[PDB]
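Below is one structure, written out as structure tokens; comments come after it.
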Amino acid sequence: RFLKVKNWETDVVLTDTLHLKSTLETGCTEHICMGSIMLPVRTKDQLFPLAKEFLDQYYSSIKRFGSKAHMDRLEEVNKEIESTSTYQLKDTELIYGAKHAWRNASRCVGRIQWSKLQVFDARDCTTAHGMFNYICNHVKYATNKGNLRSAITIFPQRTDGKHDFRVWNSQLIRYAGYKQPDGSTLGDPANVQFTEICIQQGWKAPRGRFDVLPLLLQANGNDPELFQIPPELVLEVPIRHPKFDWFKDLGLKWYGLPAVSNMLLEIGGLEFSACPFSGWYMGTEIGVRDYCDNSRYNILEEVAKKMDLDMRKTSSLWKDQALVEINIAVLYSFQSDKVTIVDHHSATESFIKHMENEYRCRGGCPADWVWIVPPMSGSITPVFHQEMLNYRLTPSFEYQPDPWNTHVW
Amino acid sequence: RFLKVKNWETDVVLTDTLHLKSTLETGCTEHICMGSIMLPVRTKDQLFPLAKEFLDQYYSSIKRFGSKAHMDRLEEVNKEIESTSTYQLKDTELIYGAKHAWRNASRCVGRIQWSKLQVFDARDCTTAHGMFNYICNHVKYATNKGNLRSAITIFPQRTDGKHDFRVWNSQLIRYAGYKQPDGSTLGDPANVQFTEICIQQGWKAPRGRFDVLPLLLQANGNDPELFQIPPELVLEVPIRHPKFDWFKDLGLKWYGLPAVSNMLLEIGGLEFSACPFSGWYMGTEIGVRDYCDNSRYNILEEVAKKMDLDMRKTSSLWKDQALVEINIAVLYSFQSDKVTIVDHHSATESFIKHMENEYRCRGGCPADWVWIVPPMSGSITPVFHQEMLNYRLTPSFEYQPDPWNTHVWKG
Ligand code: HEM
Ligand code: HEM
Ligand SMILES: Cc1cc(N)nc(C[C@H]2CNC[C@@H]2NCCNCc2cccc(Cl)c2)c1
Ligand SMILES: Cc1cc(N)nc(C[C@H]2CNC[C@@H]2NCCNCc2cccc(Cl)c2)c1
Ligand SMILES: C[C@H](O)[C@H](O)[C@H]1CNc2nc(N)[nH]c(=O)c2N1
Ligand SMILES: C[C@H](O)[C@H](O)[C@H]1CNc2nc(N)[nH]c(=O)c2N1
Ligand SMILES: [Zn+2]
């Protein structure tokens, strides 16, 4: 009932009480832990409870719990739900809600930043064009000439499931993927299928290796339309090493704005199916996963051949040597072009400070260890030795079916 | 009920039916996951069912389930339990059990070697000196002049819990730790407390950076006794780098045999409180954890200075760079001295193969991702991209409180 988490590097212990407000399920049982499984319409009766829970905590946060203002709103919404069968969040509730869905993102290591989120209320949007306008502005605001700023743009909430707003891209910015005759894959393998639906819809693919994919926006349930983010708005960084001049010849570049666009924001029972949100990269995301993942740009072998390493035997640890370089480059290039980026050492350290704050100010902090520990140098970052408790709190960011596997054209 | 796991690097999907035999708890609930949590005397009453389940698996393994031998055994064991309150395993069952405890160790990446296990039956042992001889023979056999062999020595099972046999050391071989009055620590910090106990028990500590600790053995619930392992039996490997000739001057070395001695082996309800077991290392255990954990030898800074990396800012990834070289050095030194060891690429690759085989032939392979994933380069090893199901089966290796916290001294 009162759990305690220990850090085996500093012996420090924190007591978690926040997990007791855990609403949703985890996918685990007393017999089986699914901690490493990537992915373990509402009704009026279902909705008022969700709303009440949200509203109670919202008023609690502003120190007006059980006040008239609180009750008043609690009834206003209640009546609205009974009459309309859904409801609208007040601007204040929308912000609090979005900031808190991030606060609860148990897989996000950079939450120490959670309170500083620019929310763009896009609920008055009605068309794919209006969606394109908002997103552009979003990109521009957050990119901010390289000095990145966290932001999220929130489109209308779901109603009957047939008028859903959705951004089809997994991220606002991503390179395309084409399966060539060579049997090989050109570009980013992760987006092969998407890059095809763009062609299937009209895109004029430059069939290059780093073509910024086009936005496929879906409004009010209609069919998605295509748009090409203004090139001047997509800030990119060419990748070079601070010692290996031959590096630049790999012709590697990556975009500065990480912006997740396929998730579903849930606040007080309400569902926001289109809510792109962005921050800034942690070195490893690009250098370790995007570049080295075997099923992504898989550049290890190449960077190895160029380093003149004994790739004859695994035990020489050449992959480990290449990996550290590739990641030194990323952090290097970005810091040079003055684009925001944080390294895995500094990021994990910040998350530790954040965890203590959350434990002593909120009573805990849900955290998914499998995701928090960077994909490289694991045990040399503090979070490796930090025990974590994982539970689901709402408001939240949830996953949702890729739209193409559901859209009734 | 079937459960499926997917590999996100190869899109391979496996189905688990084995978890359906999982009895013990996990620490998790539908509301909370404790996957990253380190550590979440029986009655005649609760013993026979446990004895029964075990013998059923045993007999099925030899394809004699329901045979006359099987039923008589079950009847024999029942009788023995009603009569003595416990029961003795047959040599064949003890060996089957130990192998399966290993096979079921979800935190072990080396499980592909599970069937090749040398089981030493030390159930006839009665004193600490008796234990010392046994442990010495295991160390010699297991070391095999550098060509390591997996082995486990099994002493008498617990009876009334007042006569436990325990090996106080956490590992058969390990360096001492000394706390200095100036706050710093000499040797391995992880063993400072245990070292104090040894000194207190009469150990003349040579106070060096790499002093092999003495064995503190407890037999039949009596007070533990000290023994020094024959130096000529402790295979050690001095650490040097292939390209850096200054590495050797760092003064590092490490013992060649990893042998966990503080776990409890549970087979068919019976509890084996003293059951040392050993195999061979994966580079990273020494190179990443033992050497680089801040709470261990913490050698990252000194290895950084010598290589002259930009240590002013973390983004130069100096710490990451040094690390690779330190692990390269550990692997290198062991291969040069012909002492068995395996790198993490090689070890995880084999586990995936082992794991797959276990699904096809067993219906599952319980695995703890948090522990299976190596402490460095996680994503460039196939296990990182592999979903895993963690659950408990017996026979099994469990944790038990350190004996100094529970032992009732006799003076
Ligand atoms: C500004 C600094 C930020 C940093 C350094 C950061 C870093 C990270 C990292 C390392 C991950 C794992 C990424 C992966 O492996 O796919 C992650 C995931 C996530 N982050 Fe953050 N983040 C930041 C901002 C944000 C913002 C502004 C939000 C939301 C408002 C957010 C929401 C999440 C969520 C929901 C996940 C999990 C999404 C998924 O499954 O891919 N993050 N973050
Ligand atoms: C053949 C060589 C072997 C290799 C390379 C291998 C490797 C490993 C590694 C890397 C770990 C995690 C180490 C740590 O962080 O503490 C581990 C844990 C473990 N291994 Fe193995 N293993 C081997 C043999 C064995 C044997 C022979 C047994 C049992 C008969 C065994 C039982 C276990 C168990 C029970 C754990 C968990 C230890 C704990 O939870 O404290 N291993 N193994
Ligand atoms: C705001 C933000 C900031 C920041 N720094 N990083 C992120 C993370 C996103 C950008 N880098 C990768 C991740 N998006 C991909 C998440 N999906 C992972 C995945 C892979 C296969 C299947 C599934 Cl279901 C999910 C988001
Ligand atoms: C047979 C075997 C083979 C092999 N290759 N490796 C091991 C693993 C042991 C040798 N490397 C470290 C580990 N020791 C036991 C792990 N316990 C860690 C610990 C420390 C402090 C507190 C806790 Cl709770 C746990 C065992
Ligand atoms: C199979 C396993 O769940 C999967 O590879 C996870 C592991 N940890 C991760 N951690 C982060 N941050 N991001 C990921 O995409 C993953 N993938
Ligand atoms: C707190 C956290 O669970 C702890 O640091 C774990 C993580 N994974 C590990 N994995 C292995 N193999 N060995 C360990 O000692 C640990 N420590
Ligand atoms: Zn779990």
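Ligands are numbered from 1 in the order shown, chains are lettered A, B, ... in the order of the structure tokens, and residues start at 1 in each chain.
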Q: Name each residue within 7 Å of ligand 7, counting only C-alpha atoms and all ligand atoms, as an NGL selection string.
A: (:A and (28 or 32-35)) or (:B and (28 or 32-35))
Per-residue nearest contacts of segment 140-226 of chain A to segment 115-123 of chain A (8 Å; only C-alpha atoms) as CSV:
residue,atom,partner,partner_atom,distance
A:149,CA,A:117,CA,7.8
A:150,CA,A:117,CA,5.2
A:151,CA,A:118,CA,4.4
A:152,CA,A:119,CA,5.2
A:153,CA,A:120,CA,4.5
A:154,CA,A:122,CA,5.1
A:155,CA,A:122,CA,4.6
A:156,CA,A:123,CA,4.4
A:157,CA,A:123,CA,7.6
Exercise: residue 354 of chain A partners within 12 Å, only C-alpha atoms, chain neighbours under 2 positions left out, as a PDB file with C-alpha atoms, in the first residue's frame:
ATOM      1  CA  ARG A 103       3.859  15.000 -16.090  1.00  0.00           C
ATOM      2  CA  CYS A 108       9.526  10.245 -20.776  1.00  0.00           C
ATOM      3  CA  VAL A 109      12.934  10.952 -19.210  1.00  0.00           C
ATOM      4  CA  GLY A 110      12.746  14.736 -19.679  1.00  0.00           C
ATOM      5  CA  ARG A 111       9.717  15.438 -17.534  1.00  0.00           C
ATOM      6  CA  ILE A 112      11.663  17.733 -15.240  1.00  0.00           C
ATOM      7  CA  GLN A 113      10.518  20.187 -17.956  1.00  0.00           C
ATOM      8  CA  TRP A 114       6.838  19.296 -17.741  1.00  0.00           C
ATOM      9  CA  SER A 115       5.464  22.561 -16.345  1.00  0.00           C
ATOM     10  CA  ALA A 347      19.235  14.006 -19.135  1.00  0.00           C
ATOM     11  CA  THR A 348      19.178  11.034 -16.748  1.00  0.00           C
ATOM     12  CA  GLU A 349      20.762  13.128 -14.005  1.00  0.00           C
ATOM     13  CA  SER A 350      17.971  15.715 -14.408  1.00  0.00           C
ATOM     14  CA  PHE A 351      15.349  12.989 -14.255  1.00  0.00           C
ATOM     15  CA  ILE A 352      16.788  11.908 -10.916  1.00  0.00           C
ATOM     16  CA  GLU A 356      13.007  13.421  -5.893  1.00  0.00           C
ATOM     17  CA  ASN A 357      10.978  16.594  -6.433  1.00  0.00           C
ATOM     18  CA  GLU A 358       7.936  14.566  -7.478  1.00  0.00           C
ATOM     19  CA  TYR A 359       8.325  12.174  -4.561  1.00  0.00           C
ATOM     20  CA  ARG A 360       8.517  14.971  -2.023  1.00  0.00           C
ATOM     21  CA  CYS A 361       5.968  17.328  -3.659  1.00  0.00           C
ATOM     22  CA  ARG A 362       3.465  14.901  -5.136  1.00  0.00           C
ATOM     23  CA  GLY A 364       5.778   9.787  -6.335  1.00  0.00           C
ATOM     24  CA  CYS A 365       6.554   9.665 -10.035  1.00  0.00           C
ATOM     25  CA  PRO A 366       5.521   6.862 -12.367  1.00  0.00           C
ATOM     26  CA  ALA A 367       8.520   5.775 -14.405  1.00  0.00           C
ATOM     27  CA  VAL A 383      18.740   6.008 -13.625  1.00  0.00           C
TER      28      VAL A 383
END
Q. Interatomic distance between atom CA of residue 402 of chain B and atom CA of residue 390 of chain A?
A.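 Atom CA of residue 402 of chain B sits 28.3 Å away from atom CA of residue 390 of chain A.
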Q) Within 9 Å of ligand 1, counting only C-alpha atoms and all ligand atoms, which protein or nucleic acid residues do you find, written as a count of residues only? A) 55
Q | Residue neighbourhood segment 177-189 of chain B, 9 Å, only C-alpha atoms, exclusion window fewer than 5 positions, as a list in words | A |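 Residues near the query, excluding close chain neighbours: residues 194, 195, 196, 207, 208, 209, 210, 211, 290, 295, 296 and 297 of chain B.
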**Q.** At most 10 Å from ligand 4 (only C-alpha atoms and all ligand atoms): residue list as an MDAnalysis selection string
**A.** (chainID A and resid 8:9) or (chainID B and resid 37:40 102 107:111 150:152 170:171 173:174 190:191 256:263 276:286 289:290 295 341:342 399)
**Q.** Distance query residue 90 of chain A at most 12 Å, only C-alpha atoms, self and fewer than 2 positions along chain excluded, as number ranges by chain
**A.** A: 55, 58, 73, 76-77, 87-88, 92-97, 121, 123, 267-268
Q: Find the spatial neighbours of residue 270 of chain A, counting only C-alpha atoms, within a cut-off of 10 Å - ignore same-chain residues fewer than 4 positions away - and output them as number ranges by chain.
A: A: 42, 47, 50-51, 86-89, 157-159, 265-266, 395
(Q) DSSP on the backbone, helix (DSSP H, G or I) only: what residues of segment 56-273 of chain A does that give? Format it as number ranges by chain. (A) A: 56-61, 68-84, 91-103, 111-113, 128-146, 189-199, 245-250
Selection from above, C-alpha atoms, as a PDB file, in the first residue's frame, can you write it?
ATOM      1  CA  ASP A  56     -11.392  17.391  -8.295  1.00  0.00           C
ATOM      2  CA  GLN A  57      -7.680  17.227  -8.912  1.00  0.00           C
ATOM      3  CA  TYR A  58      -7.712  20.376 -11.013  1.00  0.00           C
ATOM      4  CA  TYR A  59      -9.394  22.358  -8.249  1.00  0.00           C
ATOM      5  CA  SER A  60      -7.162  20.691  -5.737  1.00  0.00           C
ATOM      6  CA  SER A  61      -4.107  21.971  -7.606  1.00  0.00           C
ATOM      7  CA  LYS A  68     -18.133  26.889  -4.402  1.00  0.00           C
ATOM      8  CA  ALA A  69     -16.245  27.540  -7.666  1.00  0.00           C
ATOM      9  CA  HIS A  70     -15.299  23.849  -7.659  1.00  0.00           C
ATOM     10  CA  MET A  71     -18.842  22.532  -6.983  1.00  0.00           C
ATOM     11  CA  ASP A  72     -20.356  25.078  -9.349  1.00  0.00           C
ATOM     12  CA  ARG A  73     -18.165  23.864 -12.225  1.00  0.00           C
ATOM     13  CA  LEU A  74     -18.673  20.285 -11.120  1.00  0.00           C
ATOM     14  CA  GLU A  75     -22.398  20.798 -11.686  1.00  0.00           C
ATOM     15  CA  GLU A  76     -22.078  22.927 -14.831  1.00  0.00           C
ATOM     16  CA  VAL A  77     -20.167  20.069 -16.471  1.00  0.00           C
ATOM     17  CA  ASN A  78     -22.494  17.496 -14.996  1.00  0.00           C
ATOM     18  CA  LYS A  79     -25.564  19.095 -16.571  1.00  0.00           C
ATOM     19  CA  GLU A  80     -23.741  19.648 -19.812  1.00  0.00           C
ATOM     20  CA  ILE A  81     -22.859  15.950 -19.969  1.00  0.00           C
ATOM     21  CA  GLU A  82     -26.444  14.875 -19.271  1.00  0.00           C
ATOM     22  CA  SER A  83     -27.788  17.205 -21.939  1.00  0.00           C
ATOM     23  CA  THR A  84     -25.000  17.200 -24.543  1.00  0.00           C
ATOM     24  CA  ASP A  91      -8.924  27.038 -21.207  1.00  0.00           C
ATOM     25  CA  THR A  92      -7.326  26.658 -17.752  1.00  0.00           C
ATOM     26  CA  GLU A  93      -8.369  23.007 -17.565  1.00  0.00           C
ATOM     27  CA  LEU A  94      -6.929  22.340 -21.046  1.00  0.00           C
ATOM     28  CA  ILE A  95      -3.510  23.696 -20.099  1.00  0.00           C
ATOM     29  CA  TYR A  96      -3.384  21.985 -16.673  1.00  0.00           C
ATOM     30  CA  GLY A  97      -4.528  18.849 -18.461  1.00  0.00           C
ATOM     31  CA  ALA A  98      -1.867  18.832 -21.188  1.00  0.00           C
ATOM     32  CA  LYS A  99       0.922  19.812 -18.810  1.00  0.00           C
ATOM     33  CA  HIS A 100      -0.185  16.941 -16.608  1.00  0.00           C
ATOM     34  CA  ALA A 101      -0.500  14.294 -19.295  1.00  0.00           C
ATOM     35  CA  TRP A 102       3.231  15.016 -19.820  1.00  0.00           C
ATOM     36  CA  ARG A 103       3.859  15.000 -16.090  1.00  0.00           C
ATOM     37  CA  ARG A 111       9.717  15.438 -17.534  1.00  0.00           C
ATOM     38  CA  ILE A 112      11.663  17.733 -15.240  1.00  0.00           C
ATOM     39  CA  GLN A 113      10.518  20.187 -17.956  1.00  0.00           C
ATOM     40  CA  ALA A 128      -7.129  19.898 -42.943  1.00  0.00           C
ATOM     41  CA  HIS A 129      -5.948  23.316 -44.111  1.00  0.00           C
ATOM     42  CA  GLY A 130      -6.650  24.858 -40.747  1.00  0.00           C
ATOM     43  CA  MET A 131      -4.727  21.909 -39.334  1.00  0.00           C
ATOM     44  CA  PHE A 132      -1.825  22.593 -41.656  1.00  0.00           C
ATOM     45  CA  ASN A 133      -1.779  26.245 -40.563  1.00  0.00           C
ATOM     46  CA  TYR A 134      -1.642  25.354 -36.864  1.00  0.00           C
ATOM     47  CA  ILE A 135       1.053  22.742 -37.224  1.00  0.00           C
ATOM     48  CA  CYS A 136       3.252  25.087 -39.253  1.00  0.00           C
ATOM     49  CA  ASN A 137       2.951  27.720 -36.597  1.00  0.00           C
ATOM     50  CA  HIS A 138       3.640  25.043 -33.977  1.00  0.00           C
ATOM     51  CA  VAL A 139       6.800  23.932 -35.715  1.00  0.00           C
ATOM     52  CA  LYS A 140       7.989  27.501 -36.077  1.00  0.00           C
ATOM     53  CA  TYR A 141       7.301  28.411 -32.456  1.00  0.00           C
ATOM     54  CA  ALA A 142       9.039  25.392 -30.997  1.00  0.00           C
ATOM     55  CA  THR A 143      11.952  25.301 -33.443  1.00  0.00           C
ATOM     56  CA  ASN A 144      12.661  28.966 -32.561  1.00  0.00           C
ATOM     57  CA  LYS A 145      15.775  29.378 -34.711  1.00  0.00           C
ATOM     58  CA  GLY A 146      17.419  26.448 -32.919  1.00  0.00           C
ATOM     59  CA  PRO A 189      12.840   1.756 -43.158  1.00  0.00           C
ATOM     60  CA  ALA A 190      10.477   2.669 -40.295  1.00  0.00           C
ATOM     61  CA  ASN A 191       8.405   4.829 -42.611  1.00  0.00           C
ATOM     62  CA  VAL A 192       8.309   2.599 -45.679  1.00  0.00           C
ATOM     63  CA  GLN A 193       4.565   1.890 -45.409  1.00  0.00           C
ATOM     64  CA  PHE A 194       3.733   5.526 -44.663  1.00  0.00           C
ATOM     65  CA  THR A 195       5.904   6.788 -47.514  1.00  0.00           C
ATOM     66  CA  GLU A 196       3.776   4.558 -49.733  1.00  0.00           C
ATOM     67  CA  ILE A 197       0.412   5.835 -48.509  1.00  0.00           C
ATOM     68  CA  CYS A 198       1.718   9.285 -49.415  1.00  0.00           C
ATOM     69  CA  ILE A 199       2.425   8.085 -52.931  1.00  0.00           C
ATOM     70  CA  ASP A 245      36.930  14.553 -41.242  1.00  0.00           C
ATOM     71  CA  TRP A 246      35.846  11.627 -43.352  1.00  0.00           C
ATOM     72  CA  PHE A 247      32.627  11.657 -41.306  1.00  0.00           C
ATOM     73  CA  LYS A 248      30.787  14.285 -43.325  1.00  0.00           C
ATOM     74  CA  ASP A 249      31.112  11.968 -46.322  1.00  0.00           C
ATOM     75  CA  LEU A 250      28.510   9.585 -44.929  1.00  0.00           C
TER      76      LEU A 250
END
With the cut-off set at 6 Å and counting only C-alpha atoms, tabulate each residue of chain B with an atom at most that distance from an atom of chain A, showing the nearest atom pair and its distance in Å to one decimal, ordered by chain and increasing number, as a tab-separated table.
residue	atom	partner	partner_atom	distance
B:9	CA	A:295	CA	5.9
B:25	CA	A:30	CA	5.1
B:26	CA	A:30	CA	5.2
B:28	CA	A:30	CA	5.1
B:29	CA	A:29	CA	4.5
B:30	CA	A:29	CA	5.1
B:31	CA	A:25	CA	5.2
B:32	CA	A:391	CA	5.0
B:33	CA	A:390	CA	5.1
B:34	CA	A:389	CA	5.8
B:35	CA	A:35	CA	5.9
B:36	CA	A:387	CA	5.5
B:37	CA	A:387	CA	5.4
B:295	CA	A:9	CA	6.0
B:315	CA	A:343	CA	5.7
B:343	CA	A:315	CA	5.6
B:375	CA	A:378	CA	4.9
B:376	CA	A:377	CA	4.2
B:377	CA	A:376	CA	4.2
B:378	CA	A:375	CA	5.1
B:379	CA	A:375	CA	5.0
B:387	CA	A:37	CA	5.2
B:388	CA	A:36	CA	5.9
B:389	CA	A:34	CA	5.7
B:390	CA	A:33	CA	5.1
B:391	CA	A:32	CA	5.1
Write the residues of the preceding selection, restricted to N, CA and C atoms, as a compact mmCIF listing (two decimals), in the first residue's frame.
# COMPACT_ATOMS: atom_id res chain seq x y z
N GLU B 9 12.95 -6.00 -33.84
CA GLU B 9 14.06 -5.85 -34.75
C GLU B 9 13.84 -6.84 -35.90
N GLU B 25 4.66 -15.55 -6.77
CA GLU B 25 4.21 -14.19 -7.11
C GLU B 25 5.34 -13.37 -7.76
N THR B 26 5.01 -12.22 -8.37
CA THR B 26 6.02 -11.37 -9.04
C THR B 26 6.32 -10.04 -8.37
N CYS B 28 4.23 -7.67 -8.86
CA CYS B 28 3.36 -6.83 -9.69
C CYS B 28 1.88 -7.10 -9.44
N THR B 29 1.06 -6.15 -9.87
CA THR B 29 -0.40 -6.21 -9.75
C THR B 29 -0.95 -5.56 -11.02
N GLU B 30 -2.26 -5.63 -11.24
CA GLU B 30 -2.85 -5.02 -12.43
C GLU B 30 -2.67 -3.51 -12.37
N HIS B 31 -2.39 -3.01 -11.17
CA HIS B 31 -2.23 -1.57 -10.94
C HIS B 31 -0.80 -1.06 -10.79
N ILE B 32 0.15 -1.96 -10.55
CA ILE B 32 1.51 -1.50 -10.41
C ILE B 32 2.52 -2.53 -10.88
N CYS B 33 3.56 -2.06 -11.54
CA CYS B 33 4.60 -2.94 -12.04
C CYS B 33 5.88 -2.66 -11.28
N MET B 34 6.46 -3.72 -10.73
CA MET B 34 7.69 -3.60 -9.96
C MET B 34 8.88 -4.26 -10.67
N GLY B 35 8.81 -4.26 -12.01
CA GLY B 35 9.84 -4.86 -12.84
C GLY B 35 11.26 -4.38 -12.61
N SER B 36 11.41 -3.16 -12.13
CA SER B 36 12.73 -2.61 -11.87
C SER B 36 13.08 -2.62 -10.39
N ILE B 37 12.30 -3.37 -9.62
CA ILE B 37 12.57 -3.47 -8.20
C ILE B 37 13.56 -4.63 -8.00
N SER B 295 29.86 3.03 -7.20
CA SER B 295 29.93 2.35 -5.91
C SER B 295 30.85 1.15 -5.86
N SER B 315 29.02 15.98 -22.56
CA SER B 315 28.68 15.79 -23.96
C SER B 315 29.83 15.35 -24.88
N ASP B 343 31.81 -12.07 -24.61
CA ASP B 343 31.43 -10.67 -24.77
C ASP B 343 29.91 -10.59 -24.80
N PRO B 375 24.59 -3.86 -19.41
CA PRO B 375 24.78 -2.54 -18.81
C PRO B 375 25.50 -1.51 -19.68
N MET B 376 25.72 -1.85 -20.94
CA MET B 376 26.34 -0.93 -21.90
C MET B 376 25.92 -1.36 -23.30
N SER B 377 25.69 -0.40 -24.19
CA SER B 377 25.32 -0.72 -25.57
C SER B 377 24.02 -1.50 -25.72
N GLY B 378 23.15 -1.39 -24.72
CA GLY B 378 21.88 -2.09 -24.77
C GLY B 378 21.23 -2.27 -26.13
N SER B 379 20.93 -1.19 -26.85
CA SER B 379 20.24 -1.34 -28.13
C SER B 379 21.03 -2.01 -29.28
N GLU B 387 10.84 -8.55 -26.70
CA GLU B 387 9.85 -8.48 -25.60
C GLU B 387 10.02 -9.76 -24.76
N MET B 388 9.82 -9.65 -23.45
CA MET B 388 10.00 -10.80 -22.58
C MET B 388 8.91 -10.91 -21.54
N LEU B 389 8.66 -12.13 -21.13
CA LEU B 389 7.65 -12.39 -20.13
C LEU B 389 8.37 -12.87 -18.91
N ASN B 390 8.14 -12.21 -17.79
CA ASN B 390 8.82 -12.61 -16.58
C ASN B 390 7.88 -13.28 -15.60
N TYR B 391 8.20 -14.51 -15.23
CA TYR B 391 7.39 -15.25 -14.28
C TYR B 391 8.25 -16.29 -13.59
Q: Go ahead and compute the interatomic distance for atom CA of residue 394 of chain B and atom 1 (C, counted along the ligand's line) of ligand 6, in Å to one decimal.
A: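 Result for atom CA of residue 394 of chain B versus atom 1 (C, counted along the ligand's line) of ligand 6: 24.5 Å, one decimal.
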